[PDB]
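In what follows, a single structure is set out as structure tokens and then discussed.
Every chain is numbered from 1, with letters handed out A, B, ... down the list of sequences.
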Amino acid sequence: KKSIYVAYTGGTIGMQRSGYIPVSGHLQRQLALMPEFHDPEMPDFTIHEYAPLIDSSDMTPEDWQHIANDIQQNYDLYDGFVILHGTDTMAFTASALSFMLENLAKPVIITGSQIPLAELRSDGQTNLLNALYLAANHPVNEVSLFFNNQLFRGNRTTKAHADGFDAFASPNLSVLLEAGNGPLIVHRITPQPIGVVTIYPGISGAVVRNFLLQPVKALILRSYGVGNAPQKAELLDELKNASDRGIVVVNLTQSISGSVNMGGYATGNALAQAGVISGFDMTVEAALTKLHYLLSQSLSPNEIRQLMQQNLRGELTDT
Amino acid sequence: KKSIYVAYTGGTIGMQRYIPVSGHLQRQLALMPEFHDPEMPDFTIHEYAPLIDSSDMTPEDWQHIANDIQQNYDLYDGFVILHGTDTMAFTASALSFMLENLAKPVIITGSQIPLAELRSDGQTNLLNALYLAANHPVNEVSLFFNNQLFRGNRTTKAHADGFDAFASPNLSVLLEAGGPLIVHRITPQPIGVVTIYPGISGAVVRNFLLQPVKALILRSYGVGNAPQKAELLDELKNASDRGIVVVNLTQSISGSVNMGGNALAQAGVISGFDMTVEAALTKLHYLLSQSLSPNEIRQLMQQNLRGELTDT
Amino acid sequence: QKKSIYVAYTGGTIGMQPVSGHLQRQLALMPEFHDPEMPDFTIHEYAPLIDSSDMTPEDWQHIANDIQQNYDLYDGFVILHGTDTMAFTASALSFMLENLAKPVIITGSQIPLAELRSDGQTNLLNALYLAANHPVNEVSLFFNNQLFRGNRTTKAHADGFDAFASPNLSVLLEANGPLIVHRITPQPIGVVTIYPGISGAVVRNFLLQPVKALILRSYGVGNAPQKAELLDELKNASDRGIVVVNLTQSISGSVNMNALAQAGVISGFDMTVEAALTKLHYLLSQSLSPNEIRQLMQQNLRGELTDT
Amino acid sequence: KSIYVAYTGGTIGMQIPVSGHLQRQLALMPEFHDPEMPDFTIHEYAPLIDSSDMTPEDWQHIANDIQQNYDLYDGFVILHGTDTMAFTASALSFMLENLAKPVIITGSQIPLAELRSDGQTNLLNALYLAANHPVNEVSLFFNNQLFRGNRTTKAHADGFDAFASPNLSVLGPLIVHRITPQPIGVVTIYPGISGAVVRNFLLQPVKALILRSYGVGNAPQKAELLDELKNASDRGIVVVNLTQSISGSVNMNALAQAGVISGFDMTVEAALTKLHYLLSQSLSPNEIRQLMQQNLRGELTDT
């Protein structure tokens, strides 16, 4: 019989209608009476309730680290791991854990719900039951995100709908599944001063200059189409000056789906000549958490630029 | 028989194998008799000199197109704007605010592949924009692409590349194709458009709100939630207390901010409901370019001016 | 306290383990079925259970009669049934329950209710919930999180959770005078598909006694060969009081009727096979004349067809 | 490169049909004379065929027109009415054994000349694909999709989205087989269907019966019906079980004890044409029943 560790970090799933309030042991009490969670074909599971519970819109890198450390501490003791989490930043946590759990060789499924588990026809019951069932019986040895009958690669996920049952999508990768080597290495991630900004017509040098002031170590630029920005020295000079002082400037597309394609370096692509590197088809969550992972280590800006473009954990498609 | 004005502003649609040759688009269409079908309207092409690569568009370029439509407004039955795909949704959004009391169709379109090339979407998009402007008039700024007519100020880039370039995530497409006009001077405006993320520091957000910034679009989580840390909320409140307009949009592909005791509201942040980034960025340009006070701008940003937002 | 729903367990995998009282025992220990937002329900298990692949029109009448018996004793009705012919039963009941003023929801599943991750658990729970809290006073069919109009449903995927569709009508939703229950008896009807070069000989065989009606599945908006060999057989059948109804062979759309009309064939508009087959049973069982039946087949009696 | 265009009939080359009006309309549409477009030659059938009046001799007429022109060209396009296009495509897939040049069938809702007509798009792409991206099978082109011919069925009764391939994703020397009309019953089982009515369906001259039964191929377990299917099979009638469902496969057993064989996931058009193909050749009932169950031309899946 398989055994799954369930980290209840926070989220509506384990709360009680009142609006929703946290109640200690509420999830343990409800699952004891729900016979499907004790079927012979279901794994054994153990709940660790975080004290205190985290509202996911308040999540910080320190919380990513706590979750990683909890998995690491329990790694040898279970067949797989389910993280319950609030929906607002679930994709950030999934993305960050993909980088932090190096040589992961058991399943980690992050999930949660729109509605508390105990409510009639809540997605909480289906999401938790499928996360347990899949980690035990159809293991994918990566950090996945389970929502609305789909298992996504965690570092490919973004919020689809601001709320409701179809909360998540993986715009640039097929779902891993429809529910119809080396030792685990965890390094310590810390908060990093990153700007995430969107280019728009006429964006000023003065504005951009200010986005790049200390303490900023990296900038994610969301640019047009396959990664184009204004051909204006006013913008390109501030981006080049930044990279010349060691800022990592990463190009993502504004588009819902698709890839930055800055072409060969020999094409003299204007952003590329200003020191900007391609983020290919990464999500904002994957690029933001990847920069946290790399800036948290002792790597040079050139080492980070190289690793930002390499597919480390299945987060990006390069050609 | 209807008459349509075509502003060829820029984009691949009018280019040849890809470089700009002046007069090329007009010469190519005269060879293509479907454009001269009895059920098609007459049209006149004004080729911009110089042509604009849409990744280089500025608000001055919005002004140029608005002024062109204004100059030609009484002389035609409708208007087609040919434009590069990269910022087409910015221009459609800006023209929706700029063309006040518009009462003729304005359809913006373009293509991946030049008109002349075999099986180009260029030929289909221009034929349908002309046809719809004359025969199926919606007297607003619309965007036509991939056999769909979108509300301009509801449009955003769907795929970075390819035929399925645009979507209106928060409004149904208008159409599957299977007072007098007022125009004020819009100018560039120092606006920050930033995304919140876990642990985002007060010092980074303080940088985004330095002078000369007049407004900040925040892309926040879910139905509009941000971290409850005084480090962030104190900086947003400092900015609103000195007249900066701080607008909350969701980082979600679809859906609406719902700010309702709300922490961001207490810090002076206003809801952008379900607006696109392109609608909110162009709407702040539209309002900041006028003489309006910060309080006026906060109220008008929340009002549905042109069909750009749903507030129920 | 709460609404009360009558659950007729007529047959189907949903209730199996073929063990009497099993469904009642299973549901007693499933707490979600006793939620405060759930209605009370009463289960009646048919003795014997019906395999839906052997359903006859007498089984249709048994279900209609059971609803009649219980009509004034409950707020709504859920019919559990085998998937193979669920759409025929839903179609037949829509005709037989004239002036229905309470919800009837037919459902079942691919997997027994008791199995982990079964659709039987989801289907029964939503049928109960919908019958009580979102009543539609018609015969509806619930499957794969969709409530369809019963006489609009047809089989979609041979198996799998997505086994029904309503190709000519939107879903009812996404989770006059009193009731007259009609009698339906078995009727000799042919249901056949036209193809290139189909001989007058083969169509004659379809129209032999004791056939009273023929459903033709024809091309696009209802086209048949302009060949006297075929139209002669059809006009001959119609002249001796056989009702010939034209359906399209397409997955969706309507017959738009003209040569077949001249051979006495009438339009089935956008009806499903299930609707047209059960509607002919309904009308033939009333001893109406061929002309009365041809008219009523073309009228929208229960929401089964769109006419312009 | 050079494509042969058999203009058999259909709304596409019409105005009502007008002798020669297609060829003269095309002369005035320069995209068809683009340098990246192959050369092509139109054969206007005399007389044109309303695809609803199509017969298997018309399938022969088309197969032979192809065979004759086979060496003269790089590929073939059949312009055809929409009503029975999938039947024609399925039939040619079986007849055109060892095919090594593209055959694409197409047509339209709207005559080629009309503004925003799908006729224009369909002919241009059928010519383009046959030259520039050859697939050596009988294919059907509609609503910007290239289907395997013997996997296609009528989707909507009209409209631009009229065809689907529900059980398959979009896409020796040539031996051309004969085909003739064959007496085949295509019937739908329903609750309580009488043994009398089924007995009548199976009377001479019927050589074969396609059943559209429930789900994965279930029929009533009543002797009335099984006896008549078994009696017809015992005297050499080929009874093929197809699902009534829009998609999916028969998986067979009561019907198999009565001699009925599985049509797997075939379309009605493929089973009905495969029976025409097999019955038109020198085969016993047992040989036909075996070949019906083997994937001959990409028409069926069996695990």
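- The environment of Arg25(C) atom CZ is dense: over 12 non-hydrogen atoms of other residues, nucleotides or ligands sit within 6.0 angstrom.
- In the displayed structure, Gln73(A) atom CD is contacted under 6.0 Å by at most 12 heavy atoms of other residues, nucleotides or ligands.
- The distance from the CG atom of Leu120(A) to the CD atom of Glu32(C) is 8.5 Å, given to the nearest 0.5 Å.
- Checking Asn126(C), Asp35(C), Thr122(C) one by one against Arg121(A), the side-chain hydrogen bond (donor to acceptor under 3.5 Å, both in side chains) holds for a single residue, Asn126(C).
- Residue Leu125(C) touches chain A through its side chain alone, counting heavy-atom pairs closer than 4.5 Å.
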Return a table of donor-acceptor pairs under 3.5 angstrom between the side chains of residues 170-180 of chain A and protein atoms on other chains or two or more places apart.
residue	atom	partner	partner atom	Å
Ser170(A)	OG	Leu173(A)	O	2.6
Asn172(A)	OD1	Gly258(A)	N	2.8
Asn172(A)	ND2	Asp281(A)	O	3.1

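- Counting heavy atoms of neighbouring residues, nucleotides and ligands inside a 6.0 Å radius, atom CZ of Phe161(C) does not exceed 12 of them.
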